[PDB]
Every structure is written in structure tokens, then in C-alpha cells.
């Protein structure tokens, strides 16, 4: 029998049995349903597919109270085009136009006529390049004309053939070295590297690249706005050249941040609308990003703001190709849900924001009985040769390519460090498939002692904690409401910060739903416990 708890401030909690009381930085507090449950904090219903919408409707009136419109397929976007109560994620005819999904060249825009003049994946009714095949449907400047159609693909009003950065906008067209490649998109804005050689594919060309990075934050010294402090996120509030992590007045208003109250907005006076410790222009907006602290994913970082994965770099881990099918990625739920539909070569979707200390949670689900291969997530991504990966494989299996070596994979969660000395290729590939260490490639920092694969159409919630400063790594897995695997504190210092993403390898129809990341440098307690308990 469980009883009513008190909030973190000691006031009596008034949350649901299956909700926690959290207090925000302004000493207000709110309830959140615990993993396996959904609603506001006060009403919690069971959440079967771990996606934030409950199996039954609830009496409160916020999105998360209305009944999940795909009870078992995770769909945090809750998308329902034809608004018929069946979610796109599990409605036989998503747009209700007669043509069932599998046979509909435009599954979400209605088009019984099924016209498709170029014969690419997409019907005319929803193809941003009518007479030009282009299944990936890239529209870099969000204009309507896909790239394959666009005479100004990046929308900077400079024509493509007359644009020295034909894809990265730059109306000033500055090329500060004449290599022909414009500053806005030259991997080397200082040195002529017309050929653009980038041997390691870290996106620093050769005439630039030093491969010197002493703090391990994934930034070249030559190019690290704060060389000795791991600061992968690279913030520099004032723009004064030196990043916050070493800078002594990150905003510049004369007050040292050693003793300042609006550390990130100019406030030379330390003046207030109230006496409470915080200042003024930064009251409930520490970083004045005009996004209130409570909702701000990186409450003291001006450019990051909201968990958002729709801007993502795509990495391919065996570029030669074995299947020569590339994973293909769909984002949904406003950048808070990723989906991968192919039975593909290895690959990573990786978001553009980087982090120091970070918390990252998602729901892993493989929406299909078919295959039994690998899915996972990525944190501390620095480049295609340096990152941390968590992968899981349904079925024990020896990889079919016996070259370059025999890679055998086991069921059951793996934590791996990837520091490849070769990069995307044959080696890294078998290295990633193999459950164990590969001499110049991968180290298996942790594996789940259960040795249990993921179940077909089942939904698991993951919670990562990374603290690059102290090399702290810790991952938890929940199946339904119950915790099922815990790595414990894994100390490892290979990439001291990086970017977040997802990984897949040979597995069609994975959903990563209800994705959340946030800034967190406050180091977990059981770190010093771990450190002390060397007795």
C-alpha cells in the first residue's frame, strides 16, 4: 500500500497516485505522470504505448487528457488528417480517399485520381517536384519547389549557378579566400581548398584539420571557442569570442559572473522589480530567449529552446553500401518523434544541437513483426567516427558478411563507445554489429545481463544521463511502468560532449516517439557514491 507523499518543498503533494511532484526553478510546482501513465499530473491514465496519450480519455482538458487515437502504436503527434478519430499511425486509410495506405501514392493528401507524372515515390497531389523524380522530397528553403526544381534552392534570391553556396543562403556572397567556395558554407573559410578534401569527414577540410582537441569536447583547438574547457555546445552569450565556459562576464555588462544575478543579460546595476535573487530582463527568462524558464529545454542558452529534431544531419555508417538502401527518416510531432521505414544499411539521424551535461529520454518501439535487427540512440556525437551509441537487437545473429571479420550480435541492451580510426566503412560496420570490442573501432562499455531482445510491436522508454565533465554515463530502460535494465554509473571519457540522435541498422519500421532532451550539468548523486565506494 502506497501513501500520499510531500512535494520537494515539503508542502503536501496533491498529485495522482501515478504522478510525481516536481518543483520548478521559480519554486512553483507541477505534477507529471510517471512512466507508463499519461494526463496532467492530477489525472493519470495508463499509457500502453508509452507515447504520452492515455488509453482512455480523462476529464481534465489538455491535450494529454484526450484518448490516444492509436492505442498501441506510439504516435505522440497524434496526427489524424481526415479527422475521423483514427490516428494516421494506424488508420488503414489515413486520408480517407479510398486508396488504402499501401496502394496510395499520396497516403496523406487525398487523390483518388492517383496521378504521378514522373513516377517517383510520390503522386502528383503531394510531390514538390511534379515532373522530376525525387523521393527524398528535399525543399531546403521551405518554399514549395523541392530542390530538384528550385532555381534558388536555399531561397537567398541569388540564382544557383550564380551562388557560391548554392544551398546555404548568403546574399553577401563573401568568399574570404577566393577558393570559389563561399564563406557561409566552406569547410575552410581561411585557406583555399577548392577540392574540399576532408579525409576524416569531421567537416574540417585537410588544410584546416589538426586533429588536436585537448578537452575532448569534439572541437579542434584552432576552432574551439574555449580550448581547455569541454564545452561542446560552444555558447558565447556576448559574442566576445570566448565561450561562456571560461569567460568571466559571459554577457559583458561589467559584472563578473562570479558574482552576478542576471548572468546572461546586461544588468550593470543589479537592480530589481523585487528582491528575490534573480534580476530583471531575465526574471522568468534567465537567458531572455523569450521562452519562459519552465518550458525552456536549455533555460540558460539563448539559441536552444525546445526539444526539436526536424533539423537533422544524416550519417551513413557503411557508405559503400551492402543493402544499398539508405535508412529513410521521417520526423513527426513537431520534431519530437522520429520514424525510420527501411530495412537499411547502418545510419544515424542526428540533431543539430550539441550539449554538455544532458538528459535525453525517448520511447523505442518497433512497429512490426518482421526482421529482428538493431535499433538505438546516439549521444555525444562529435563526428562519424566519434560518438556513443545504445543499440538493441531482437534476435541473436552472426552478421552475413564474414569480411572484414566475424561479427556476432547478441540480444539485450548494449552501451558502446565508438572511436573509429577508419570512419564509416566495412570496419565500423562489423564493429557496430558485433557485441564486444573491436580493436580500433568500438568498446562495449555496458550490456544488459538479462541478454533479452526487444519484443515485436512492444514499447520501451529510455532515460540517458550524460555528464561529460566527469565522464558520467547512466541509462535506464523501462518496459511499461517497470524498470528493466539499468547500466548504473558507467564512467567513460571518450567524447566529452556532443550531439543527440538515433541509430538504426537493418531494421524496418522503428518509432522513436515522445522524444525529450534537456540541459543538465548538475551531476547525479550516485557519482560521488560510486567514487567513494571504492572501499
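Positions refer to the first chain, counted from 1.
The PDB entry records a higher mean C-alpha B factor for 260 to 268 than for its counterpart among 260 to 268 and 97 to 105.
Per-stretch averaging of Cα B factors for 287 to 295 and 108 to 116 places 287 to 295 on top.
Highest C-alpha temperature factor among 436, 205, 144, 449, as the PDB entry reports it: 205. Of all the options 397, 134, 301, 394, the entry's greatest CA B-factor is assigned to 301.
In the deposited entry, the Cα temperature factor of residue 532 places it in the highest third of its chain's modelled residues. When the modelled residues of the chain are ordered by their C-alpha B factor, residue 60 lands in the highest third.
For residue 520, the recorded CA B-factor ranks within the highest third of the chain. Only modelled residues enter the ranking. Residue 424: CA B factor in the lowest third of modelled residues in this chain (values from the PDB entry). In the PDB entry, a CA B factor belonging to the lowest third of its chain's modelled residues is recorded for residue 127.
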